[PDB]
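Take a look at the structure set out below.
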Amino acid sequence: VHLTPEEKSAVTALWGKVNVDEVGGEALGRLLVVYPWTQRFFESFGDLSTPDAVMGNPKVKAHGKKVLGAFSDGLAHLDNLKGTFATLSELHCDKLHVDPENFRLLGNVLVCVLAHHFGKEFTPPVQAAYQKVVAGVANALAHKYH
Amino acid sequence: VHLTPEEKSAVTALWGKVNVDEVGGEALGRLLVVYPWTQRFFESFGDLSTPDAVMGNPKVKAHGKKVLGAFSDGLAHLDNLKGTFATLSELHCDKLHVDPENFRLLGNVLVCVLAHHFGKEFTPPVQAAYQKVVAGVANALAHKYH
Amino acid sequence: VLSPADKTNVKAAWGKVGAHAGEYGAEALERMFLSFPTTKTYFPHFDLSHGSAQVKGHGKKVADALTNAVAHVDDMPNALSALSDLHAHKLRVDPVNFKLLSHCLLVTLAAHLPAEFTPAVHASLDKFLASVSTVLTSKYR
Amino acid sequence: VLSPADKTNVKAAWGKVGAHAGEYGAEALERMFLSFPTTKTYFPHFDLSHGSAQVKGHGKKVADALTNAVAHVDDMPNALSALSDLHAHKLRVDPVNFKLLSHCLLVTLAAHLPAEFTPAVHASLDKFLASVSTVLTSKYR
Ligand code: HEM
Ligand code: HEM
Ligand code: HEM
Ligand code: HEM
């Protein structure tokens, strides 16, 4: 799912400097904090009534890196996200019943988290390169819907 | 399969009795009338300020059957919606500049047109059977925007 | 704050539905639940059975709500603020879903209001249900 | 209207941005045209080339508009009604696009306000720009 020669570099070069333990949970935490209705799916995580309680929550960080791992598993299967997230789709679609829209929501949050961290090195073009990857993962993860 | 054994029946049976010249242009007409911003893409069709002027418009009916022709072409090949609308997706993306959300928007209008025509024979389940096909065509028609 | 035209059209169509209000409301829900299952997560107990009194009696609650909206169709924020909090807070209903029901309500009205459901009307209604959605989710703002 | 908190956080954030508001606005636009090319179609005459004075000069018009929005957060429907008619009617801007710029604005603020862009702020801002986009599309209702 389409990244030109220089689009791919920016992506996989940026992803290199990504604290594979941080970003993960900070995106899932911010998702929980910014689009509250998403908390409905993570009630076994505890009290999420305060941003601080959310961000620091041990579970949110534990499953946060789990997710960031699936995103990495995507930049390693850019051509076939179709199947990479297949079962991950039945889980979210057939089991958890997460509305597909939120997959795209989480994606942008991830892009904010990144823009957040890399500050300026996160130029408009690189952001655009990432908008594509999230655009696909979200679609590929919704497969068991459409 | 994409649709169950009975889902298919409702679909391919309902599609049997469609005025392959009507539905087409009524869906595209209503798309332009209900979601006005869509008119931006079809200004070469003429004055679209009044519902009447939109529905009766000869171009809207000519291209309306052309579109309903692609939906039939999808029902024929409910298997490779992705490649069956490949070029059709680049045209809309790389040339026409239509936001993918609208493909979903038009799909629901088509469903509205059907529920409109077939009155009750368009039962909730049958609707659900179609909601899937549109869900797909819409996705397939958007693959090249990633 | 939809055109005076859109109002006339809505009240007009709502007049047509009148008694069937409850019925249609329930059909909207059953349609929704079938077309987009995900919307069932918000209904564990009522666990919807085709013909479920839970729903038939609930398809009635939404219809009454919508009617109240038509009544106060230029104060939907206040007329509905009640429902806002309930659906926004307590329940935590995904906004995407407010759109999914509306489409189902229209499909409902199209299959039952044949020559009444014109493009103009289909617009006045989608435009009306849009304002309703907006208000119900105002509590996420 | 946002929570008293949300407001404080917004005007606070707006505070930091200050002089860069014009700058950031234009970056947000360039960011948009790049990540979602279909949005360029709404700017024919504009030669959206990086450094494009038309885009920078316009990245100033949105910034001011938003500032005016903050001034009247307590009453955005009136403060913005002007932009509504324009964008909704005259321009016929696809509503999905208002969501696209907003996300692009946030990315802009995050890349320029490192330790300022907390989860709380991110939420007050996304919630603010939501109200903004809710208002600019009010005219499709
Ligand atoms: C960009 C798309 C997303 C990715 C990459 C993703 C990835 C994952 C991964 C890797 C897991 C762990 C697998 C497991 O142990 O079960 C998971 C579980 C889950 N996801 Fe997502 N997810 C996505 C979006 C979301 C969204 C939008 C929601 C809803 C707000 C959500 C809700 C859940 C829930 C509730 C679980 C179960 C967590 C648990 O209890 O273990 N995810 N997801
Ligand atoms: C996803 C469902 C849709 C299908 C299957 C479809 C099908 C078609 C086909 C096959 C054509 C090429 C031949 C022709 O021009 O008649 C076409 C053209 C076009 N489509 Fe679509 N389309 C879809 C949705 C949309 C939407 C949502 C928009 C509106 C925003 C749109 C905008 C266009 C434009 C600008 C043309 C050119 C028509 C002309 O000027 O002759 N289409 N479409
Ligand atoms: C079309 C606009 C809608 C209106 C006017 C509306 C109205 C109502 C009303 C008046 C009630 C009952 C309040 C009471 O118990 O006194 C209710 C409850 C509920 N609604 Fe909606 N609703 C709408 C859309 C939604 C949507 C889209 C969902 C998403 C699936 C939703 C999910 C629910 C749930 C879970 C309940 C709780 C049922 C119960 O336990 O009684 N509603 N709604
Ligand atoms: C927070 C969102 C937005 C704000 C605050 C906003 C604000 C503005 C302002 C201040 C103007 C100048 C209006 C005047 O002349 O009085 C403008 C013009 C316009 N806006 Fe927006 N806008 C927003 C989003 C969008 C989006 C979603 C699009 C594009 C996809 C768009 C397209 C346009 C166009 C084309 C014009 C005319 C520009 C020209 O040709 O000079 N705007 N906007």
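In the structure tokens, chains take the letters A, B, ... in the order shown, each chain's residues start at 1, and ligands count up from 1 in the order shown.
Once the Cα atoms of chain B are best fitted to those of chain A, pair by pair, the RMSD stands at 0.7 Å.
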Contacts from chain B to chain C, 6 Å maximum, only C-alpha atoms: show me the residue list as a list in words.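 So the residues of chain B near chain C are residues 30, 34, 112, 115, 116, 119, 120, 124 and 128 of chain B.
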For the residues in the current selection, export N, CA, C and O atoms as a PDB file, in the first residue's frame.
ATOM      1  N   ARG B  30     -30.093  11.802  -6.119  1.00  0.00           N
ATOM      2  CA  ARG B  30     -30.285  12.010  -4.687  1.00  0.00           C
ATOM      3  C   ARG B  30     -28.968  12.292  -3.962  1.00  0.00           C
ATOM      4  O   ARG B  30     -28.948  13.033  -2.977  1.00  0.00           O
ATOM      5  N   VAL B  34     -29.094  15.498  -1.809  1.00  0.00           N
ATOM      6  CA  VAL B  34     -29.004  15.364  -0.361  1.00  0.00           C
ATOM      7  C   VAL B  34     -27.658  15.814   0.235  1.00  0.00           C
ATOM      8  O   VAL B  34     -27.609  16.418   1.314  1.00  0.00           O
ATOM      9  N   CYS B 112     -31.007   3.452  -0.168  1.00  0.00           N
ATOM     10  CA  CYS B 112     -32.209   4.228   0.091  1.00  0.00           C
ATOM     11  C   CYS B 112     -33.148   4.120  -1.094  1.00  0.00           C
ATOM     12  O   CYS B 112     -34.359   3.959  -0.926  1.00  0.00           O
ATOM     13  N   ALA B 115     -34.783   0.557  -0.941  1.00  0.00           N
ATOM     14  CA  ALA B 115     -35.806   0.509   0.107  1.00  0.00           C
ATOM     15  C   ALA B 115     -36.981   1.361  -0.334  1.00  0.00           C
ATOM     16  O   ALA B 115     -38.130   1.090   0.014  1.00  0.00           O
ATOM     17  N   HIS B 116     -36.676   2.401  -1.100  1.00  0.00           N
ATOM     18  CA  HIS B 116     -37.698   3.301  -1.605  1.00  0.00           C
ATOM     19  C   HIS B 116     -38.600   2.543  -2.558  1.00  0.00           C
ATOM     20  O   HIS B 116     -39.811   2.501  -2.372  1.00  0.00           O
ATOM     21  N   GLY B 119     -40.380  -1.129  -1.478  1.00  0.00           N
ATOM     22  CA  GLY B 119     -41.105  -1.010  -0.222  1.00  0.00           C
ATOM     23  C   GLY B 119     -40.709  -1.986   0.877  1.00  0.00           C
ATOM     24  O   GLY B 119     -39.601  -1.927   1.420  1.00  0.00           O
ATOM     25  N   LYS B 120     -41.620  -2.899   1.201  1.00  0.00           N
ATOM     26  CA  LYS B 120     -41.382  -3.887   2.247  1.00  0.00           C
ATOM     27  C   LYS B 120     -40.518  -5.084   1.839  1.00  0.00           C
ATOM     28  O   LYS B 120     -39.844  -5.658   2.693  1.00  0.00           O
ATOM     29  N   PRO B 124     -35.233  -5.773   6.663  1.00  0.00           N
ATOM     30  CA  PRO B 124     -33.978  -5.476   7.355  1.00  0.00           C
ATOM     31  C   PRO B 124     -32.840  -6.399   6.913  1.00  0.00           C
ATOM     32  O   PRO B 124     -31.769  -5.926   6.543  1.00  0.00           O
ATOM     33  N   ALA B 128     -29.349  -5.518   5.054  1.00  0.00           N
ATOM     34  CA  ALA B 128     -28.066  -5.919   5.621  1.00  0.00           C
ATOM     35  C   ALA B 128     -27.186  -6.649   4.624  1.00  0.00           C
ATOM     36  O   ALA B 128     -25.958  -6.564   4.677  1.00  0.00           O
TER      37      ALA B 128
END
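Neighbours of residue 45 (chain B) closer than or equal to 9 Å, with only C-alpha atoms counted and sequence neighbours fewer than 6 positions away skipped, come out as residues 57, 58, 59 and 60 of chain B.
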Neighbours of ligand 3 within 6 Å, counting only C-alpha atoms and all ligand atoms, as a list in words?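 With only C-alpha atoms and all ligand atoms and a cut-off of 6 Å, ligand 3 is contacted by residues 39, 42, 43, 61, 62, 65, 66, 93, 97, 98, 101 and 102 of chain C.
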For a quick test of understanding: name the residues of chain A lying within 7 Å of chain B when counting only C-alpha atoms, and present them as number ranges by chain. A: 1-2, 132, 135-136, 146
Could you tell me, counting only C-alpha atoms and all ligand atoms, which protein and nucleic acid residues lie no more than 6 Å from ligand 2, written as a ChimeraX atom specification? /B:38,41-42,63,66-67,70-71,96,98,102-103,106,138,141
Please, could you write that set of residues out with N, CA and C atoms as a PDB file, in the first residue's frame?
ATOM      1  N   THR B  38     -21.335  17.329  -3.163  1.00  0.00           N
ATOM      2  CA  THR B  38     -20.944  16.384  -4.213  1.00  0.00           C
ATOM      3  C   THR B  38     -21.111  16.995  -5.597  1.00  0.00           C
ATOM      4  N   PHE B  41     -18.172  18.195  -8.118  1.00  0.00           N
ATOM      5  CA  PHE B  41     -17.554  17.317  -9.106  1.00  0.00           C
ATOM      6  C   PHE B  41     -18.312  17.198 -10.409  1.00  0.00           C
ATOM      7  N   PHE B  42     -19.600  17.536 -10.398  1.00  0.00           N
ATOM      8  CA  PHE B  42     -20.405  17.436 -11.611  1.00  0.00           C
ATOM      9  C   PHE B  42     -20.993  18.770 -12.008  1.00  0.00           C
ATOM     10  N   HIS B  63     -25.018   9.003 -16.746  1.00  0.00           N
ATOM     11  CA  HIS B  63     -23.884   8.533 -15.963  1.00  0.00           C
ATOM     12  C   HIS B  63     -24.416   7.775 -14.768  1.00  0.00           C
ATOM     13  N   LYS B  66     -24.435   4.353 -15.767  1.00  0.00           N
ATOM     14  CA  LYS B  66     -23.055   3.929 -15.922  1.00  0.00           C
ATOM     15  C   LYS B  66     -22.502   3.445 -14.577  1.00  0.00           C
ATOM     16  N   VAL B  67     -22.864   4.157 -13.514  1.00  0.00           N
ATOM     17  CA  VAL B  67     -22.442   3.827 -12.156  1.00  0.00           C
ATOM     18  C   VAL B  67     -23.164   2.552 -11.715  1.00  0.00           C
ATOM     19  N   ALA B  70     -21.454  -0.334 -12.730  1.00  0.00           N
ATOM     20  CA  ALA B  70     -20.258  -0.751 -12.008  1.00  0.00           C
ATOM     21  C   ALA B  70     -20.666  -1.557 -10.777  1.00  0.00           C
ATOM     22  N   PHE B  71     -21.809  -1.213 -10.176  1.00  0.00           N
ATOM     23  CA  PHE B  71     -22.311  -1.938  -9.006  1.00  0.00           C
ATOM     24  C   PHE B  71     -22.752  -3.334  -9.413  1.00  0.00           C
ATOM     25  N   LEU B  96     -10.396  12.763 -10.607  1.00  0.00           N
ATOM     26  CA  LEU B  96     -11.637  13.401 -10.165  1.00  0.00           C
ATOM     27  C   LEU B  96     -11.529  14.023  -8.760  1.00  0.00           C
ATOM     28  N   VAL B  98     -12.228  12.782  -5.709  1.00  0.00           N
ATOM     29  CA  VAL B  98     -13.362  12.522  -4.825  1.00  0.00           C
ATOM     30  C   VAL B  98     -12.875  11.853  -3.553  1.00  0.00           C
ATOM     31  N   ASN B 102     -17.311   9.629   0.435  1.00  0.00           N
ATOM     32  CA  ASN B 102     -18.461   9.722  -0.435  1.00  0.00           C
ATOM     33  C   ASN B 102     -18.841   8.402  -1.114  1.00  0.00           C
ATOM     34  N   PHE B 103     -17.873   7.532  -1.412  1.00  0.00           N
ATOM     35  CA  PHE B 103     -18.232   6.260  -2.047  1.00  0.00           C
ATOM     36  C   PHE B 103     -19.190   5.558  -1.083  1.00  0.00           C
ATOM     37  N   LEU B 106     -22.627   7.428  -1.283  1.00  0.00           N
ATOM     38  CA  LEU B 106     -23.422   7.063  -2.453  1.00  0.00           C
ATOM     39  C   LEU B 106     -24.007   5.659  -2.304  1.00  0.00           C
ATOM     40  N   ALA B 138     -17.379   0.193  -2.066  1.00  0.00           N
ATOM     41  CA  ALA B 138     -16.865   1.463  -1.580  1.00  0.00           C
ATOM     42  C   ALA B 138     -15.405   1.339  -1.201  1.00  0.00           C
ATOM     43  N   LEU B 141     -13.274   0.660  -4.283  1.00  0.00           N
ATOM     44  CA  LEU B 141     -13.188   1.862  -5.067  1.00  0.00           C
ATOM     45  C   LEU B 141     -12.274   2.890  -4.421  1.00  0.00           C
TER      46      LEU B 141
END
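Contact shell of residue 138 (chain D) at 8 Å (only C-alpha atoms; same-chain neighbours under 3 positions omitted): residues 84, 88, 134, 135 and 141 of chain D.
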Selection file, N, CA, C and O atoms, as a compact mmCIF listing (two decimals), in the first residue's frame:
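See selection-v6.txt below for the written result:
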# COMPACT_ATOMS: atom_id res chain seq x y z
N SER D 84 -19.42 29.95 7.89
CA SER D 84 -20.31 28.83 7.60
C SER D 84 -20.88 28.94 6.20
O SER D 84 -20.53 28.15 5.32
N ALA D 88 -19.85 26.29 3.54
CA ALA D 88 -20.93 25.35 3.28
C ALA D 88 -21.58 25.62 1.93
O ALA D 88 -21.52 24.78 1.03
N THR D 134 -17.93 21.67 13.56
CA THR D 134 -19.39 21.54 13.72
C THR D 134 -20.12 22.79 13.23
O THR D 134 -21.21 22.70 12.68
N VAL D 135 -19.53 23.94 13.51
CA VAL D 135 -20.10 25.23 13.14
C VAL D 135 -19.98 25.56 11.67
O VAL D 135 -20.92 26.09 11.08
N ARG D 141 -27.22 22.12 7.16
CA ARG D 141 -28.37 21.81 8.00
C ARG D 141 -29.27 23.05 8.07
O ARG D 141 -30.29 22.99 8.77
d(CA of residue 28 (chain B), atom 17 (C, counted along the ligand's line) of ligand 4) in Å: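 Spanning CA of residue 28 (chain B) to atom 17 (C, counted along the ligand's line) of ligand 4 is a straight-line distance of 29.0 Å.
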Env of residue 79 (chain D): 12 Å cut, atoms = only C-alpha atoms, seq-sep filter 2 positions within chain, self excluded. Answer as a PyMOL selection string. chain D and resi 65-77+81-84+132+135-136
Would you pick out the contacts of residue 21 (chain C) at 7 Å or less, using only C-alpha atoms, so that residues sharing its chain but fewer than 4 positions from it are not included, and give the list as a ChimeraX atom specification? /C:17,25,63
Atoms to include: N, CA and C atoms. Write the selected residues as a JSON list (two decimals), in the first residue's frame.
[["chain", "number", "residue", "atom", "x", "y", "z"],
["C", 17, "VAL", "N", -46.24, 9.59, 8.95],
["C", 17, "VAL", "CA", -45.90, 8.47, 9.83],
["C", 17, "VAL", "C", -46.86, 8.37, 11.01],
["C", 25, "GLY", "N", -39.90, 3.20, 14.26],
["C", 25, "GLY", "CA", -38.76, 3.39, 15.12],
["C", 25, "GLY", "C", -38.10, 2.07, 15.45],
["C", 63, "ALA", "N", -38.85, 7.06, 18.74],
["C", 63, "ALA", "CA", -39.87, 7.75, 17.95],
["C", 63, "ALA", "C", -40.44, 8.93, 18.73]]
Contact residues (chain D, partner chain C, 8 Å, only C-alpha atoms) as number ranges by chain: D: 1-3, 127-128, 130-131, 134, 140-141
Selection file, N, CA and C atoms, as a CSV table (one decimal), in the first residue's frame:
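Resulting contents of again05.csv:
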chain,number,residue,atom,x,y,z
D,1,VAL,N,-20.3,24.5,23.6
D,1,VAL,CA,-19.3,25.1,24.5
D,1,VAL,C,-18.5,24.1,25.3
D,2,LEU,N,-17.2,24.3,25.3
D,2,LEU,CA,-16.3,23.4,26.0
D,2,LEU,C,-16.3,23.7,27.5
D,3,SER,N,-15.7,22.7,28.2
D,3,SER,CA,-15.7,22.8,29.7
D,3,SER,C,-14.7,24.0,30.1
D,127,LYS,N,-11.1,18.9,20.8
D,127,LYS,CA,-12.5,19.2,21.2
D,127,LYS,C,-12.9,20.6,20.8
D,128,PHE,N,-12.0,21.5,20.7
D,128,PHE,CA,-12.2,22.8,20.3
D,128,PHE,C,-12.4,22.9,18.8
D,130,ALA,N,-13.3,20.6,17.0
D,130,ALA,CA,-14.4,19.8,16.6
D,130,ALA,C,-15.6,20.8,16.6
D,131,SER,N,-15.8,21.6,17.7
D,131,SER,CA,-16.8,22.6,17.7
D,131,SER,C,-16.8,23.5,16.5
D,134,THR,N,-17.9,21.7,13.6
D,134,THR,CA,-19.4,21.5,13.7
D,134,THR,C,-20.1,22.8,13.2
D,140,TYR,N,-25.2,23.1,6.3
D,140,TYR,CA,-25.6,21.9,5.4
D,140,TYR,C,-26.8,21.4,6.1
D,141,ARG,N,-27.2,22.1,7.2
D,141,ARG,CA,-28.4,21.8,8.0
D,141,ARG,C,-29.3,23.0,8.1
Find the residues around residue 21 (chain B) up to 10 Å (only C-alpha atoms counted), leave out those fewer than 3 positions away in its own chain, and share them as number ranges by chain. B: 18, 24-26, 61-66, 68-69
Two-atom distance - CA of residue 38 (chain C), CA of residue 105 (chain B) (Å):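 CA of residue 38 (chain C) sits 19.1 Å away from CA of residue 105 (chain B).
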Step one, run DSSP on the backbone; step two, keep only residues of region 2-141 of chain A assigned to helix (DSSP H, G or I); then write them as JSON, numbers by chain. {"A": [5, 6, 7, 8, 9, 10, 11, 12, 13, 14, 15, 16, 17, 22, 23, 24, 25, 26, 27, 28, 29, 30, 31, 32, 33, 34, 36, 37, 38, 39, 40, 41, 42, 43, 44, 45, 51, 52, 53, 54, 55, 56, 58, 59, 60, 61, 62, 63, 64, 65, 66, 67, 68, 69, 70, 71, 72, 81, 82, 83, 84, 86, 87, 88, 89, 90, 91, 92, 93, 94, 95, 101, 102, 103, 104, 105, 106, 107, 108, 109, 110, 111, 112, 113, 114, 115, 116, 117, 118, 119, 120, 121, 124, 125, 126, 127, 128, 129, 130, 131, 132, 133, 134, 135, 136, 137, 138, 139, 140, 141]}
Mind giving me the straight-line distance from CA of residue 125 (chain A) to CA of residue 50 (chain D) in Å, one decimal? 11.0 Å
Rank A:82, A:77, A:40, A:117 by their smallest atom-to-atom distance to ligand 1, using only C-alpha atoms and all ligand atoms, and report the top residue only. A:40
